[PDB]
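Everything below concerns the one structure shown next.
In this document, chain identifiers A, B, C, D, E, F and G correspond to the written order of the chains, with residue numbering beginning at 1 in each.
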Amino acid sequence: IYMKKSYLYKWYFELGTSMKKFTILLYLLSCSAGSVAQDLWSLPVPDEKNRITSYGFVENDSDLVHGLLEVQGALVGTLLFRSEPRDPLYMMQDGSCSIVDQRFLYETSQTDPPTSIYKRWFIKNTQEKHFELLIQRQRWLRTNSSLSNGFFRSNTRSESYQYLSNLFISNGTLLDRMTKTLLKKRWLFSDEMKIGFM
Amino acid sequence: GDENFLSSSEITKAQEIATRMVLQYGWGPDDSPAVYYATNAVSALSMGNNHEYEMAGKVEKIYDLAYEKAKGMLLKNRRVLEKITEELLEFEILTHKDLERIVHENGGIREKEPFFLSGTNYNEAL
Amino acid sequence: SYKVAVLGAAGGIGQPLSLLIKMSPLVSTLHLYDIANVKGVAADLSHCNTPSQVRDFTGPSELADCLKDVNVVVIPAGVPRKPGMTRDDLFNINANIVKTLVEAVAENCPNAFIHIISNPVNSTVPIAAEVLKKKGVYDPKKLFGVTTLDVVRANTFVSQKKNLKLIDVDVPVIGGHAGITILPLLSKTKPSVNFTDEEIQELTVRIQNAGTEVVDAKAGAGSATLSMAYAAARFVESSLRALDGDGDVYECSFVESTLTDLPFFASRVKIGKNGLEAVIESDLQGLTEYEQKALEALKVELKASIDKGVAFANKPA
Amino acid sequence: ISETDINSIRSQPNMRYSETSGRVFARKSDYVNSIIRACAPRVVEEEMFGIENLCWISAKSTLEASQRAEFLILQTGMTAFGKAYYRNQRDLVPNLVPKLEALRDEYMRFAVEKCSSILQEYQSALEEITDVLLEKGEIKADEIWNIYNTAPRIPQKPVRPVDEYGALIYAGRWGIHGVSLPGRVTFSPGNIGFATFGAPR
Amino acid sequence: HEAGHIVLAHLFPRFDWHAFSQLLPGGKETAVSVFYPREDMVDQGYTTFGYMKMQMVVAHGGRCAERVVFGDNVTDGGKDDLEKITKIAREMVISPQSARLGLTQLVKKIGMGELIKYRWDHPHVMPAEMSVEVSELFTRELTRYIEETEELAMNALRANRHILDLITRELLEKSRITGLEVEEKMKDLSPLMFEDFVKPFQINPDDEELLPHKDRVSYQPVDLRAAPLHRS
Amino acid sequence: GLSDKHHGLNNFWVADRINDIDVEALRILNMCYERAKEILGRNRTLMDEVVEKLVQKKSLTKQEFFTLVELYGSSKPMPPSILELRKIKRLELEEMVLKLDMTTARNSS
Amino acid sequence: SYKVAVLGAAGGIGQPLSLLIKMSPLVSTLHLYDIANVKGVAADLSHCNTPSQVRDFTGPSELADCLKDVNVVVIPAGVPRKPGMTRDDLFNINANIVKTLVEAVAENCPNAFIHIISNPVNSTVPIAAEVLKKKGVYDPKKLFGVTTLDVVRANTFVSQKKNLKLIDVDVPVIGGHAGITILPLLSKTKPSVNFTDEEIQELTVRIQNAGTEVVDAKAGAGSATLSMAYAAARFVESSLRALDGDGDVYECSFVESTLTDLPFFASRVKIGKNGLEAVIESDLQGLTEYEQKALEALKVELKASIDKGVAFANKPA
């Protein structure tokens, strides 16, 4: 019950070389059950008044879930009923990125007037900021318009949350006695954990 | 339920090979001599905005043709593959001679020349 | 997660409207109400594997049970025209039915989106407004007249004439919903297409007489059934979309507006969470001379119809 | 206004005003008037001299008016764009971009039309002030006010008032189909048929 | 404006301590009020939804009272508050605990004080790649929260107007007050009290009883896309 | 800002207007190219004489070049400058305002 | 870019099914037909702002003009129940109507997806097959019996009972389309849920008697209309998707199958471009003892119904 004073994503990925595709599902299930427990055991119908926005491990859990979902959706190319929509420009980007990686690893109106008409009237580098701004705006519009892979992960996490809620409903007494044990005894190790699993 | 992360590196290599032989060497699905990339290049050509989808479609087409060809030539020797798995599991050391024996006795149907990924455009030398 | 109660869902228009509301992904509860033969429609609807629930109520005594916690009240009730009956008796019957229904709504649920479909809507919306006023609970921001049928007909006729994409064509229609009180703003049609004079005249008369065309094509079989059900479903779904906080729900409706001297008018409005949010006045700015004289000709008859409506709505008992 | 001179070349006019501290309050009409007054040098040269005689420093005037319109739309919350406050760089979702474009276009159209209507009405005072400034090279507020009060006036047609929702009617996620909703019944994804009019399923 | 700010600041059960408010500080045509957050919120290390709703209602307060008193021709004196609320509203939508936008990948990390820290303004946080449909839901959440708290502030300020006029007279005469003067001026006037937004959800430690749940997760999947169009 | 498409406005947000900005440059380029072609076809004789003198002498001064331009040039109608436009607009404005003066006076008197 | 011709589009079923077909995004031409009162339905549908075109024909003489170049032919024609009518007269009238319509389809256009809707479909699909056989043009791959209302009712009842996600619920139904012929394969309901014996029996009898429940709920006002129109539109859209080359069109239908000794049976099938492509036999593998005994109970009466159908279909003229 006492606060503490961060990079668990990289250790799991570097320790996993030929891991299973089913353990990703278990990692996602284990990284998203605290939110299920908090939403369950908090009493309903305030206007979301007792939520605990922007603290330590919720952001880390969300980041880990997003990373696991990205890893699972980028490695699809039975276990899963369906697959990702697979935007028809992904293979060009992967091929070009692999080619570039292998290549890397294989090593104001001109105030002076013109005396001749051959010379220009405005300097070539006068309007470069406007061109860059237009290019950046066009690139932003193009990139932020083709995310067809934002609704599959939402429903995947939705089914994960529904299963976690349905499982935690049956074992509500377990979490009850467990959080009471954490309430009285200020620390909770694995021995007390397994004893309270009764 | 038993999926593989071991073959991902071959999948990425196949995707790299497809985009190379569509863009660089001009060995497209329609045999177009257009070249958009070079060995010393740091980027590609302009390629527009509505023309990248055509290139992606060609790359997906040749990738699907390669996958279909591999699937067709590997589903004909399923018993051969099962026997190789069992013998590798029981012996842990394999030569070329026992594999030749396996592809001989188990009715291993080998392929034949010419080897094309799409026979709709194949020609012959003079 | 919104509730729609249809009063008169066992008539001609009611059953297809109830069926189309059942297919809507916004409705979660559908309350059919009619004085008779309303259980068959509920039994028909309950077999469909749609998540929305359908309940039926029979008789005025269950009407108090019909309108509890109802978010959208839809009133298509009214007997269609019978041979040998003039405007007076059918007007009295429809106005009495809608008066009883609006009294029931005011007693039970004053804070529901009221969609009036009973004809004529030019002399019915004032009656509902007067009845709601007598209870001291009238809200002009939550009382609509469904005149989407003229917009749909105008879009269809423009697409058939100039051969555009029927998906993109939209024609604003102002005025009323009866006779020459319908003014299609054909000069503001998006996408922009320029018409000729005789084309404008032909499209205007076709839009204004589509009602008589469709009631004389049936050879005395009644009025149109599927088209106003289509328009009412569109308007109900648009209102439900606006109720969810969507900030781009613009619809053409006949409401209490201050654009002209008339108390009630049909124009394009923006609907919000709390009902009517904005009334678009630029529909009356930039009109051509033909639309201007059509508006000044239709204003007198619209005023006469509204006057007849408020005159009936305050008759002694 | 205090004085006016035509002796120096500058991107902005050589006007001078009497500063009075105490600007606690400024209503939306002040922003509209600022947008109108921002685009003055272009309209006069397009009227008297035409479009083929615009200078480089007289054509960079509607840009400032568009920037002031953007400031009014985004960072005042008094328009119909909403009641939020947006700093321009990155918290602008792609949904709000067509709304901003349509609102700015409507505001700039209103400003240009009002400028044309105003400058066409007071052309007599305009040319009298021009002649006085050409002869003297320096004019003051009293003479400007006397010329304004004594010059004849030309009747003009009324301008179309600016409305925000009438520019936001056709600025949405779907675009133009959704102001005209056809509606359809679908059975393909899943197991349930849906009849939709613009609303997602 | 500052009377409305003070009235709505002192209309809540648990707000920051009002040290002093001063009209026209050092000749500048403005005013300043000083609020000190309570020690428990500083010692917590996290913020709740009720607290940011609290502060953003208070921020709406000055402009809402100015509009109530001087009419609908509202000026630009409260612009900063109209900024703050927006950021505050964003902090309720960006959070993964949101009921409507919780299970959706919002703004992402590129790879790397104050009581309320804004996750949107971090140097390593970039806006995510979003469709045209879910960003409108983001804007809808923003507008919904802003209008909810604006309506709350308006109802509060139109509830007690006599106290507002009294406090306006106090700043018009003295040009400076403290929290104690307002508090003794809040005592014998009987205002309409608000409910507590920052009440904590706590568990009885030794009371042996099964506390209930509703029966679900309140999160909803974000899935909004239109039906395929005609003539296909 | 010298373009008159909407009113200057070299900045936009949506993709359609940004794409349409570059099309106006092509249209102006094509219009200028056609104008240059018409002007050049108008002066083929001056073309030939000055090109013969250029290959013969390799250098030409102002006097002889302008002499050949006078001998072989076509009509070059100079557009009116700012002063002539100001004077015609001033006289037009004065005449219409005095037209308003009588149409008020004799209608009132 | 496909055409659907509805034969009998002016009855109880004809109007809602035509309304649903018109505003589906697959049809582009809709040729309604009925012997009378079809002009009003066409006039009603022509005002909607959907790009699909509606044309109507009156009388059998225009039947040769109705079926030209039609990709999907739907036959929902048939008089509903009248008081005092036995099964003999109603069966004779409906079978004569469907016989004339199938004769017209065979003469004009036999390469269309034929959807038989008229009741009973157990004794009507064999009649259509025999009539198509007499002209030497019968195609068993392009003749279906729309029995998906049983699947819809099964999904509805299973979702109402088990509180399951309705977007995922589907129940296989085999046998026929009249009474005890309906065998809901409740043990193969997806996603996986386990039922009790009483729940299984209650769900089975409810699914089997839902038709009688919805007929007697109307108090003699007719049979199911909105849910039957729902099922018909679902099957029409599925068949139109099969015509477009979609490779996962699995639908439950009553077709000429070889799964049992019966010539015709209702099972899950996979439809392709040229009609029927596959028949799923695994629906008959793995059944429990209750479903097995229900199947052997319904087999004899299904054989009797098919024999009655082919006996009438070969009666001399």
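What we mean here is this: a contact is a pair of C-beta atoms (placed from the backbone, for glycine too) under 8 Å apart; a residue touches a chain by one contact, two chains touch by 3 or more.
The UniProt protein names, listed by chain, are C, G = Malate dehydrogenase, chloroplastic.
With steps allowed only between chains in touch, the distance from chain B over to chain G comes to 3. Here the CA centre of chain A is 48 Å from the CA centre of chain G. Between the CA-based centres of chain F and chain G the separation comes to 76 Å, rounded to the whole angstrom. Inter-chain centre distance (chain C to chain G, centres taken as mean C-alpha positions): 36 Å. Rounded to a whole number, the gap between the C-alpha centres of chain E and chain G is 59 angstrom. Of all residues in chain C, those that touch two or more other chains are 49-51, 155, 166-167, 169, 230, 247. Residue positions of chain E with contacts to 2 or more other chains are 130, 132, 136, 139, 143, 147, 223, 225, 227-231.
Multi-chain contact residues, meaning those touching two or more other chains, occur in chain D at positions 56, 82, 94, 97, 173, 177, 180, 182-186, 188, 191-196, 198-201.
Pairwise chain contacts in this structure: A-B, A-D, A-E, A-F, C-D, C-E, C-G, D-E, D-F, D-G, E-G.
Residues 109, 141, 144-145 of chain A are the ones touching chain D in the complex. Contacts from chain D toward chain F in the complex involve residues 39, 42, 48-54, 56, 59-63, 66, 97-98, 100-101, 105, 108, 112, 123-124, 127, 152, 154. Contact residues of chain E toward chain A in the complex are 45-50, 52-53, 91-92, 95-99, 102-105, 108-109, 117, 119, 129-132, 134, 148, 197, 199-201, 203, 205-206, 208, 210-223, 225.
Partner chain D is touched in their complex by these residues of chain G: 20, 23-25, 49-50, 155, 166-170, 230, 233-234, 237-238, 241. The residues of chain F lying in touch with chain D in their complex are 1-2, 4, 6-14, 17, 79, 82, 85-86, 89-90, 93, 96-97, 100-101.
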